[PDB]
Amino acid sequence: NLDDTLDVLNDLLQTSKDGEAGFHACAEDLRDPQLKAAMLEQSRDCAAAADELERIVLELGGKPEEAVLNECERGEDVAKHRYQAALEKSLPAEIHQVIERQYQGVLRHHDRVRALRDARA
């Protein structure tokens, strides 16, 4: 039980961290200033996601340019999928709420970059 819970928390933590680094790099590699700012806000929000998912992991006992757009958007979709799978599992009420709320953030950012890619089409 607590094992599977921790197993999920852990997966999402590594996810947040990957995206903190990765979305910052995507941000350094974009000449377009609207798309930089979006990769940077997502970077920052993964960082927050990570801090929140690490408190709860420690609390519970655990130990923790087109081409450029294509890979970064890949990275966002990987985030979304990991959160969807995580929301499938049955988990303490409290923990579900956190992941749900983080999920809303994940979607808003992808919705943004996808919107921005459309305006350049």
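Numbers follow the displayed sequence, beginning with 1.
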With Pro64 and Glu65 adjacent in the shown sequence, let me know how many deposited residues between them lack coordinates: none, 1 to 3, 4 to 9, or 10 or more.
-> 10 or more
Looking only at CA atoms, which has the higher mean B factor in the entry: 94-102 or 7-15?
-> 94-102
According to the deposited model, is the average Cα temperature factor higher in 25-33 or in 53-61?
-> 25-33
Considering only modelled residues of the same chain, in which third does the CA B-factor of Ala79 rank: lowest, middle or highest?
-> lowest
